[PDB]
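Just so it is clear, the values below take in all heavy atoms, side chains as well, and ignore hydrogens, waters and symmetry mates. Numbers restart at 1 for each chain; the letters A, B, ... are given by sequence-line order, proteins then strands.
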2 protein chains.
Amino acid sequence: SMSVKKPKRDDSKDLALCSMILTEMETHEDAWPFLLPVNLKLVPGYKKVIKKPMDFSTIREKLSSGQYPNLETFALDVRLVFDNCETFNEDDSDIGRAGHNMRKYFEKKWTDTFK
Amino acid sequence: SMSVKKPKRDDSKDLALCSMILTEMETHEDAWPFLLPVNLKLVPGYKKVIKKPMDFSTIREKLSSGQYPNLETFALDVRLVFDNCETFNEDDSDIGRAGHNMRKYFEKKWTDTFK
Ligand SMILES: Cc1ccc(O)c(CO)n1
Ligand SMILES: Cc1ccc(O)c(CO)n1
């Protein structure tokens with residue numbers, strides 16, 4: 001509260017660390033469904049069903065232009081990529097399986113890096 | 001943004017300074033309408049019309065128990081006291097005039113202390 005400060009993380013390396021994690025995500029062989037925005041003009045249903053589209057290129061742009069206030073807003077956007085994938089794609093599908101794999105991959109990097 | 005820190009105020013004295021300002025408010029001769037909560041059982045209309053009642057004793061309790069995260073939330077509650085007063089009381093009235101006087105009194109102390 002006012003004039004009662006909680007000891008806080010050293011957050012000085014967060015930007016570099018998130019960039020490294022995102023690079024690992026981008027270079028994963030199962031990243032292909034998530035590198036670019038879903039084409040709203042060519043994919044039926046997507047625009048109406050997925051209220052907040054997100055993809056790695058968009059995350060990279062936001063990270064590079066100071067659009068994440070902190071760690072957690074970055075992780076929210078990454079998780080949004082996989083939440084959208086799960087909403088739109090059957091678990092059994094190639095894209096569906098890619099999403100589950102990439103989510104697991106991310107969360108391990110996340111824990112190992114910040115926890 | 002992430003890992004880009006803005007130079008910040010020294011806020012270490014804010015708690016003490018707000019307490020001093022509130023003491024000056026409490027001891028002002030025109031503070032009498034605002035020292036205790038308006039009696040909702042005895043004052044017709046108040047409960048329905050004033051959605052967020054506030055008074056100096058309530059502010060003092062919140063300040064003393066860590067319920068203001070920062071300066072600005074404290075100032076919001078003080079201003080709420082006078083906004084409520086203006087809503088419910090004619091400018092011409094004793095209480096109405098007291099509110100205008102106390103608002104002016106507060107804002108001068110506020111500027112002189114933090115600006
Ligand atoms: C390329 C791609 C990636 C993710 C996704 O949900 C879709 C829609 O089937 N398409
Ligand atoms: C004592 C007091 C203080 C402020 C106020 O608005 C009222 C309602 O007339 N009564």
Open item on the list: Apply side-chain contact (heavy atoms from CB on, under 4.5 Å) to residues A/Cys18 and A/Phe114 and explain how you reach the verdict.
Closed with: CA-CA 10 Å; A/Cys18 288; A/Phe114 297 108; 4.3 Å; yes
Task: B/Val81/B/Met102 under side-chain contact (heavy atoms from CB on, under 4.5 Å): CA gap, chis, key distance, verdict - done: CA-CA 10 Å; B/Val81 172; B/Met102 293 302 301; over 6 Å; no
TODO: Run the numbers on B/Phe82 and B/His100 for side-chain contact (heavy atoms from CB on, under 4.5 Å), then give the verdict.
DONE: CA-CA 7 Å; B/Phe82 307 128; B/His100 289 297; over 6 Å; no
TODO: Give the intermediate values and the outcome of side-chain contact (heavy atoms from CB on, under 4.5 Å) for residues A/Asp83 and A/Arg103.
DONE: CA-CA 9 Å; A/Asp83 291 343; A/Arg103 185 194 296 274; 2.8 Å; yes
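Legend: side chain to side chain donor-acceptor pair (under 3.5 Å) pairs involving residues 54-64 of chain B, not counting sequence neighbours, sorted by first then second residue: B/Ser19-B/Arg60, B/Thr23-B/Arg60, B/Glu26-B/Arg60, B/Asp55-B/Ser57, B/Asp55-B/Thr58, B/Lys62-B/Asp77.
Atoms CG and CD1, from B/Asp14 and B/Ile21 in turn, are 9.5 Å apart once rounded to the nearest 0.5 Å. Rounding to the nearest 0.5 Å gives a distance of 9.5 Å between CG of B/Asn89 and CD of B/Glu86. Residue A/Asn70 holds its CG atom at 10.0 Å from OG of B/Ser3, rounded to the nearest 0.5 Å.
In this structure the side chain of A/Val78 never reaches within 4.5 angstrom of the side chain of A/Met54, judged on heavy atoms. With a 4.5 Å cut-off on side-chain heavy atoms, A/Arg97 and A/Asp92 count as touching. Looking at A/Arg79 and A/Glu107, their side chains come closer than 4.5 Å, going by heavy atoms from C-beta outward. No side-chain heavy atom of A/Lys51 sits less than 4.5 Å from a side-chain heavy atom of A/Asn84. Between B/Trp110 and B/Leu71, the closest side-chain pair of non-hydrogen atoms falls below 4.5 Å. Within the 4.5 Å cutoff, the side chain of A/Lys109 has no heavy atoms near those of the A/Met20 side chain.
Contact between B/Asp30 and B/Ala98 at its shortest, heavy atoms only, is O-CB, 3.7 Å. When all heavy atoms are compared, the tightest approach of A/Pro53 to A/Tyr46 is CB-CE2, 4.3 Å.
Hydrophobic clustering (side-chain heavy atoms under 4.5 Å, transitive across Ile, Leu, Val, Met, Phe, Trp, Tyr) groups A/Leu63 together with A/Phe106. Using a 4.5 Å cut-off between side-chain heavy atoms of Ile, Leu, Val, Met, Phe, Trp and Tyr, with links allowed through other members, B/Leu80 and B/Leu22 fall into the same hydrophobic cluster.
Using bins of under 30°, 30° to 60° and over 60° for the plane-to-plane angle, the ring pair B/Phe34/B/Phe56 lands in the tilted bin. Using the six-membered ring where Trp is involved, B/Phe74 and B/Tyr68 have ring planes that are perpendicular, over 60° apart on the 30 and 60° scheme.
With side-chain heavy atoms closer than 4.5 Å counting as contact, directly or through intermediates, the hydrophobic cluster containing A/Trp32 also holds A/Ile95.
Residue B/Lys52 qualifies as open at atom NZ: its count of foreign heavy atoms under 6.0 Å is 12 or below.
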